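Notes follow the structure.
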Amino acid sequence: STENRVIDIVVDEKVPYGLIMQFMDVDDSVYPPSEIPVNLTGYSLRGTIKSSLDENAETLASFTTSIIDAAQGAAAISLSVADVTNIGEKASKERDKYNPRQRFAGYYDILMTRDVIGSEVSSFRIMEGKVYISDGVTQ
Amino acid sequence: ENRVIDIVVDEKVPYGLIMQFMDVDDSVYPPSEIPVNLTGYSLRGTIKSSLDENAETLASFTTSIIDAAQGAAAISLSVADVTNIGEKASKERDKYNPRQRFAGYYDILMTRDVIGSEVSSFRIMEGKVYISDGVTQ
Amino acid sequence: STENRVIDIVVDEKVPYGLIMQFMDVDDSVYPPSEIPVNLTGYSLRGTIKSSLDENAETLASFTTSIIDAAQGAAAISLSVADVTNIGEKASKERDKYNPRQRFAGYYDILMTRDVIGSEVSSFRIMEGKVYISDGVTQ
Amino acid sequence: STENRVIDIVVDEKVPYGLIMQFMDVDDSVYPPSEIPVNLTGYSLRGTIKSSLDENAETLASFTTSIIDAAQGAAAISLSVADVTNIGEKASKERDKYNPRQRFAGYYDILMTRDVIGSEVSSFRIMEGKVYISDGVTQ
Amino acid sequence: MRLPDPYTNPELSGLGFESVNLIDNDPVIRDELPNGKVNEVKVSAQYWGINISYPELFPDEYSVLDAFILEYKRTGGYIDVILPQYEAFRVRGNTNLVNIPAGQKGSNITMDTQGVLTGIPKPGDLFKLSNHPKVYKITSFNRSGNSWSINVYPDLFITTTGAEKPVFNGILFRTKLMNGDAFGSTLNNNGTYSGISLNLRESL
Amino acid sequence: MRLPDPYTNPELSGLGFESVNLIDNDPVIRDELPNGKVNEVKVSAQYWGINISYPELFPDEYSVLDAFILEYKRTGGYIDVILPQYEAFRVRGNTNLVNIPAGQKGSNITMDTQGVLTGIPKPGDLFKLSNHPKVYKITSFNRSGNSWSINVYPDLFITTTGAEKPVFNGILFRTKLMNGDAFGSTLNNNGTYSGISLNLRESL
Amino acid sequence: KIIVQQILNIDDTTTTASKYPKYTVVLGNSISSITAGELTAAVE
Amino acid sequence: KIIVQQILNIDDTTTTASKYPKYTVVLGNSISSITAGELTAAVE
Amino acid sequence: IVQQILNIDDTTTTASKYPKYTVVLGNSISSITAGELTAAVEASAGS
Amino acid sequence: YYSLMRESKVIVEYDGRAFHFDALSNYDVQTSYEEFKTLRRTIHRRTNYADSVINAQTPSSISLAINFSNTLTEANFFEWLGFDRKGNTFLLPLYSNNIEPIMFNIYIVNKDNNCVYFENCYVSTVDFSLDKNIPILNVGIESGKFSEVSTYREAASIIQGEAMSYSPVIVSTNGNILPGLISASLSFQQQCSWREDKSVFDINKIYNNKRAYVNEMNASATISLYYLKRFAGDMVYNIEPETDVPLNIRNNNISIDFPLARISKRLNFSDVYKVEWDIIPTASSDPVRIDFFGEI
Amino acid sequence: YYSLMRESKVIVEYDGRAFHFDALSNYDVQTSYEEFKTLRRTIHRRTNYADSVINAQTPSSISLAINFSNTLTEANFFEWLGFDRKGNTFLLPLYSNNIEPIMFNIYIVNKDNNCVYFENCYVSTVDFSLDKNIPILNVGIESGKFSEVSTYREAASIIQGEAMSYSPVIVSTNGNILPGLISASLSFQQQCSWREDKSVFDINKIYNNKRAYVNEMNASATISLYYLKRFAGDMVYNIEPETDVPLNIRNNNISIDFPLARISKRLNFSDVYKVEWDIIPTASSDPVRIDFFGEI
């Protein structure tokens with residue numbers, strides 16, 4: 001299927017954020033294709049948000065990251081409320097005509113590494129996109 | 001299902017809405033579901049005239065857990081509250097179907113107050129709210 | 001939704017008016033649906049007709065209202081001739097192009113309430129709409 | 001569906017006129033329908049023709065009326081030659097090219113009541129429409 | 001015990017026969033002679049056969065049909081049938097006042113109508129005797145005032161006792177289901193039953 | 001062993017029936033008398049025939065069915081099946097509390113519900129007695145308070161011991177397979193099997 | 001939940017509302033059920 | 001421990017109203033459903 | 001071969017809300033690279 | 001008194017309520033009767049005059065063109081078509097408990113009591129496109145019986161409001177926007193058959209159809225694009241048919257979602273190379289979603 | 001980067017050489033995939049979502065319109081169609097040793113490596129007319145397989161040259177010129193069928209056609225004339241069908257000869273009376289000849 005690496009994100013103001021993800025290897029040599037939980041031992045995650053692709057563009061936040069269930073391929077990433085406030089302050093005023101509650105805020109990437117074999121490491125850009133803040137009237 | 005839910009209120013009549021939370025697991029088919037224990041959860045919300053952080057408030061819901069084991073909760077407004085909205089909503093009475101009338105935006109939070117002294121929040125619903133004008137007392 | 005509470009009644013001059021209503025509970029979890037008359041005891045009904053939605057508009061008439069056979073969920077509502085003729089006298093003059101016998105009069109709303117606190121002491125709308133008058137010739 | 005209350009009539013001038021109406025319950029229990037005559041004992045019919053739908057329009061005639069059979073459920077209404085002759089001079093003067101004899105006369109309206117009151121309601125509008133006169137050249 | 005139909009159940013109009021086939025069976029043995037004569041000998045009864053076909057059926061009207069047919073099978077009774085094409089009331093009056101003399105036999109009936117009846121039968125009308133389930137068919141009719149006579153096919157299955165009365169109206173065939181030993185209904189995933197048909201043979 | 005189906009393996013969504021044909025078989029001696037009488041006598045068991053057609057099958061679900069059928073052949077057991085359209089519930093309750101008087105015989109059953117059951121069966125519902133494999137059809141029902149009376153077809157194969165319990169839901173037919181000696185399957189070029197169908201018979 | 005309603009006639013007294021019309025009024029200018037031959041024989 | 005969580009928010013959501021006519025008018029050239037009382041007078 | 005990542009909002013630790021998305025990464029996280037060389041080196045040193 | 005479409009009116013009656021689709025853009029209708037006819041040539045008399053009888057009303061087709069209206073009343077068309085409803089959300093149920101389609105009733109109204117009434121009807125099609133024009137919704141209906149009538153049920157509060165403002169379409173997958181759109185076209189169906197009921201009991205009576213059964217439902221779409229590639233060796237935008245694609249289509253005010261879909265592709269070497277995607281849901285796909293939003 | 005027909009290019013590859021038909025006037029092409037689809041209605045579950053799979057590439061048709069070119073390269077179309085060749089002369093063999101038609105291979109090329117390649121193809125038709133206009137040659141081709149590709153074989157010396165100047169048609173028999181011409185139209189064909197090869201071995205693979213067999217060849221022509229007679233009683237220009245007529249058709253630069261032919265005639269009473277001749281070779285006829293000549 002389509003090799004989509006790209007997903008946009010919608011955080012919400014005044015509220016902490018968290019995302020969980022589950023890794024499965026799928027083999028289509030036999031039908032229907034077989035889906036298997038990835039043993040997530042020894043992997044690690046990073047990622048950062050900044051206001052533009054530019055090489056000088058300032059960082060707005062970085063993710064807290066943790067493994068959740070290594071035998072089940074579960075991991076999670078999150079942002080504290082203070083980070084969310086910084087996003088909301090820095091973000092655009094411009095609104096979006098499809099949903100006026102959303103405001104553009106920056107670009108993100110959750111670069112992931114494996115260090116499992118031979119004590120030597122490798123890294124790849126598993127997921128990428130834009131991030132928006134949704135406004136909230138409840139404080 | 002998204003977070004987005006519109007609301008319509010009735011002028012000069014008290015308003016109340018009920019919900020219950022459940023877990024789901026489709027690993028059993030047909031999909032299993034079980035009411036979520038709500039013990040310790042609590043709710044908040046407001047209705048305000050605009051998404052602008054400067055916008056004025058119009059009303060605040062009353063809300064209550066009604067049965068923790070059935071996982072059920074309820075929200076309401078009195079006629080005094082609704083009256084306050086009726087006084088201040090927009091007046092763009094539609095030329096062809098005039099009863100519907102826009103009032104503002106709302107958001108409802110719940111806080112999982114719980115043992116361990118952690119707390120976390122997540123927004124359950126968010127949308128627009130309309131009045132329908134009330135010809136009879 | 002307002003799509004299905006709403007019924008545009010048509011009164012007619014020099015003659016009293018009256019309706020009878022049956023309250024059914026239903027669940028279509030079986031085909032055909034399960035259905036019963038609602039026991040209407042301890043409810044009561046109200047409503048009025050006014051010449052406009054505006055808060056200053058005139059009260060044109062109040063309904064006569066009455067439960068009957070409350071175990072069978074029946075109720076009845078009516079207007080006297082004095083009401084019908086007054087609204088006949090006070091409705092608009094501009095005759096409807098498809099039916100010159102009839103003229104627009106105003107808006108109405110029926111709401112019902114629990115007079116014993118049961119699970120609630122509360123009220124809700126049951127029926128809405130606007131009222132037209134058929135003019136009429138014989139006394 | 002709707003009641004089909006709207007019916008229009010044509011009166012042949014210089015000749016008496018009469019109409020008969022029968023009130024029936026009907027039960028659709030079997031293919032030959034279970035129709036039953038309604039008891040008309042203690043009921044009465046009224047009706048009039050006026051030149052226009054107005055507060056002070058001219059009145060052309062009042063129907064003669066009677067019950068022929070209280071148990072066959074049949075009432076009748078009629079107009080004499082004197083009445084319809086009074087019509088024929090005051091109906092309008094236009095004639096259609098393909099139908100020269102037919103002239104508009106007025107609006108009519110049939111109203112029924114119990115002779116002893118049910119009080120909650122006392123009468124209802126059976127039927128209504130308009131009256132045309134067909135000109136004729138014999139006596 | 002009528003086969004249900006639109007007249008009994010106008011709500012279930014699908015039960016109206018799509019088309020009906022009426023067959024005479026007249027078992028006879030026959031030969032052709034070399035001189036070109038034909039010769040034939042009759043034994044055994046004539047009997048009416050009927051075939052019925054139905055369209056696609058919805059589950060409700062089908063269930064009403066099965067509820068009938070299984071009641072018939074359990075009871076071992078008879079199936080009564082009406083036949084609409086002959087439903088005309090051209091003869092009426094106090095049928096039970098007519099006198100049929102005893103000892104009429106063979107194919108001619110004579111009656112004293114006593115001047116009671118009004119109208120007349122026609123060739124091709126159905127005719128029945130009040131005390132016997134057989135259905136006959138009118139070949140021919142004559143009057144001599146109050147006296148009537150009719151020549152009728154098939155030949156009479158009984159001698160008149162003098163208690164019989166004629167029956168010109170509402171004749172129902174009495175029949176049983178020769179097809180019934182392998183009966184059954186296809187159910188298609190439309191939710192509709194199909195392929196129903198009935199073969200009936202009168203029985204006395 | 002229970003035939004696999006979308007109840008037992010809901011993921012095998014193709015494995016339901018595209019059509020069925022529940023046939024009554026009722027062997028009789030019939031004779032036609034020259035007087036036009038038809039005589040019928042009931043001898044030997046009535047037995048339900050069932051024809052089933054499947055839709056096109058993918059290979060995996062086909063292989064599951066194939067293995068089931070071969071396991072049946074190997075064991076020599078019985079094939080158990082439940083018709084879904086009858087499966088729709090009407091009566092519910094603790095049928096274990098129903099009590100059936102012993103010694104009932106002939107096509108009428110009576111029972112005491114003690115008021116435990118809720119709803120009532122419709123004509124054309126299925127019915128079964130817990131201690132015997134035969135299945136019966138309800139021709140009619142009569143209530144009298146909490147006592148029930150039921151007229152069933154066919155007639156009871158056995159006299160009530162007084163220890164039976166009724167079963168209105170989840171009724172399984174017990175059957176044997178008539179095609180088994182020559183069964184065979186065509187792999188269509190598109191990668192599907194077609195025409196897969198079964199002619200089942202009840203066996204007692 | 002569901003509400004059903006009908007107009008209150010003068011003849012029906014009062015009864016539960018129903019999902020069909022009840023009464024029918026039939027109109028004509030004349031009676032076809034009686035012949036002059038019958039009515040004359042009856043008087044004569 | 002893993003879950004998926006959901007919310008349901010149905011209620012006595014709205015009272016479905018419905019309205020029906022009670023009677024029907026039909027017209028023919030003639031009434032076809034009257035019978036003689038005068039028949040009894042003729043026989044008397 | 002390809003590998004599938006499901007991701008979904010986290011509401012309260014270990015509990016999650018239905019709105020779900022899928023990433024379809026075109027090469028398994030198990031597929032190796034030049035690590036083959038150093039793995040062969042250390043296996044040979046074990047030998 | 002003549003009649004005029006330019007002042008005709010349409011009213012839909014259902015559930016003992018009535019819907020005034022004021023914002024009609026167009027409609028088309030026919031009515032007809034079926035006849036049996038035989039010429040009975042015979043060597044006694046080679047008759048030249050045919051013998052014939054009229055038996056039945058033909059099932060009329062009806063066709064409507066409707067603009068999208070604020071106050072959204074036209075959503076009831078999807079409700080009648082047999083989507084399940086959750087406020088403004090509509091869903092296809094993966095399997096359905098209906099057999100008969102939802103029957104409903106139609107008035108056509110005009111001046112001078114000159115009215116027509118169609119008694120039993122069902123929706124067979126709903127169909128529209130976002131093709132750079134004010135989106136117009138077509139409907140195909142059938143009706144089994146008609147008659148002329150002097151009167152109609154009034155309807156005045158359930159009136160289709162003002163038309164929604166224009167806005168441009170977007171197509172996306174997992175929030176990837178798709179480059180170089182040309183059009184999107186959608187159709188939804190409820191294929192049905194009338195059960196033929198005519199019987200020898202009906203002889204010398206006029207006959208009508210009275211009941212129909214649902215054969216099938218369909219949801220399907222087409223998309224037209226300009227052919228584009230990111231870099232020459234790329235694979236993501238090739239011709240080959242993808243499968244299990246999640247796909248989302250929207251305007252400002254309308255949204256449609258296929259949780260998983262199968263895509264056929266066709267390419268046309270017109271003056272600018274064009275591609276058509278044919279879309280269908282997969283058997284395992286979840287309920288397709290539709291939403292409506294009112295403009296302020 | 002978009003693409004444009006106005007700068008597209010076509011290259012034909014055969015025999016390990018490549019032909020650049022520079023002087024293309026037009027072309028038209030489609031591509032598609034076949035799919036198997038079933039809806040599997042079932043009384044357990046009246047499923048509404050179809051089950052379907054894509055299996056095979058459809059055999060594309062190709063259509064070309066080409067101007068006649070000095071340097072005559074397009075004669076290779078007749079060579080591939082299966083005429084035998086003798087310098088510039090072409091002949092139909094009276095009977096043929098082929099079974100498979102001559103397979104060949106096609107590139108469609110554009111800027112930015114945006115190229116397409118059609119792997120197995122055969123010519124089904126060549127067709128043209130001399131109708132008072134610059135003679136344009138149509139070709140119908142089929143191809144059994146396509147794919148997109150990043151590159152193409154260069155071809156630069158085998159380029160179709162400049163267009164030949166206009167000249168008027170002549171028709172003749174034994175050197176009699178024929179009076180009052182209106183048009184001549186020709187067609188030549190190589191009717192073929194693909195052998196269907198799909199097998200249960202191909203399951204879960206995409207399938208293509210791979211081989212076809214020649215069913216038939218045809219050569220045929222039409223001529224339109226004004227109706228003329230020399231003197232009223234004449235016989236030579238009557239309606240009646242002649243047979244065994246030797247017939248020759250040419251321009252300045254192209255010549256076609258039927259050594260013996262059968263002529264049908266049709267007459268049309270249009271405002272000026274018109275006659276159409278339908279031409280076909282007789283069974284005993286010798287090889288029809290075609291020649292080309294280059295303008296100086």
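Letters A, B, ... mark the chains of the structure tokens in the order given; residue numbers begin at 1 per chain; ligand numbers begin at 1, in order shown.
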
Please provide the set of residues having any atom within 10 Å of residue 163 of chain K, restricted to only C-alpha atoms, with same-chain residues fewer than 2 positions apart removed, written as a list in words. residues 23, 67, 68, 69, 70, 71, 72, 134, 160, 161, 165, 166 and 295 of chain K

Residue hits in chain G, query chain H, radius 7 Å, only C-alpha atoms, as a list in words: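 Therefore, the residues near the partner are residues 1, 2, 3, 4, 5, 6, 7, 19, 20, 21, 22, 23, 24, 25, 26, 27, 28, 29, 30, 31, 32, 33, 42 and 43 of chain G.
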
Listing only residues of chain C within 7 Å of chain G, what is the closest atom pair and its distance in Å (to one decimal) for each, using only C-alpha atoms, sorted by chain and residue number ascending, as JSON lines?
```
{"residue": "C:18", "atom": "CA", "partner": "G:8", "partner_atom": "CA", "distance": 5.2}
{"residue": "C:19", "atom": "CA", "partner": "G:7", "partner_atom": "CA", "distance": 4.6}
{"residue": "C:20", "atom": "CA", "partner": "G:5", "partner_atom": "CA", "distance": 5.5}
{"residue": "C:21", "atom": "CA", "partner": "G:5", "partner_atom": "CA", "distance": 4.2}
{"residue": "C:22", "atom": "CA", "partner": "G:4", "partner_atom": "CA", "distance": 5.2}
{"residue": "C:23", "atom": "CA", "partner": "G:3", "partner_atom": "CA", "distance": 4.8}
{"residue": "C:24", "atom": "CA", "partner": "G:2", "partner_atom": "CA", "distance": 5.1}
{"residue": "C:25", "atom": "CA", "partner": "G:1", "partner_atom": "CA", "distance": 5.3}
{"residue": "C:74", "atom": "CA", "partner": "G:16", "partner_atom": "CA", "distance": 6.4}
```

What's the 10 Å shell around segment 75-80 of chain E, counting only C-alpha atoms, without same-chain residues fewer than 6 positions away, as a compact mmCIF listing (two decimals) with C-alpha atoms, in the first residue's frame?
```txt
# COMPACT_ATOMS: atom_id res chain seq x y z
CA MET E 1 -61.76 -24.00 4.96
CA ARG E 2 -61.17 -21.70 2.02
CA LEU E 3 -57.85 -21.26 0.37
CA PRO E 4 -57.02 -17.70 1.47
CA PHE E 68 -53.13 -23.07 6.27
CA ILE E 69 -51.50 -25.96 4.42
CA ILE E 171 -70.07 -22.88 -5.49
CA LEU E 172 -66.78 -24.06 -3.98
CA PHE E 173 -64.82 -27.03 -5.26
CA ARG E 174 -63.77 -29.55 -2.61
CA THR E 175 -60.28 -30.79 -3.37
CA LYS E 176 -57.06 -32.22 -2.00
CA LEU E 177 -53.40 -31.66 -2.78
CA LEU E 200 -55.38 -29.90 -7.07
CA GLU E 202 -61.41 -32.61 -6.75
CA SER E 203 -62.38 -35.29 -4.26
CA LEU E 204 -65.79 -36.20 -2.98
CA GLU F 40 -54.49 -41.25 1.70
CA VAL F 41 -52.81 -43.15 4.53
CA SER F 107 -50.63 -33.66 17.54
```

Sorted by chain and rising residue number, list the residues of chain D at most 9 Å from chain E (counting only C-alpha atoms), each with its closest atom pair and distance in Å to one decimal, as CSV.
```
residue,atom,partner,partner_atom,distance
D:29,CA,E:9,CA,8.6
D:30,CA,E:8,CA,6.2
D:31,CA,E:7,CA,5.0
D:32,CA,E:7,CA,7.7
```

Taking 6 positions as the minimum chain separation for residues in the same chain, which residues sit within 6 Å of residue 290 of chain J when counting only C-alpha atoms? Answer as JSON, numbers by chain. {"J": [89, 90, 255, 256]}

Can you work out the spacing between atom CA of residue 8 of chain J and atom CA of residue 108 of chain J in Å, to one decimal?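 Separation of atom CA of residue 8 of chain J and atom CA of residue 108 of chain J: 7.4 Å.
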
May I have all residues of chain I that DSSP, computed from the backbone, assigns to strand (DSSP E or B), given as a count of residues only? 21
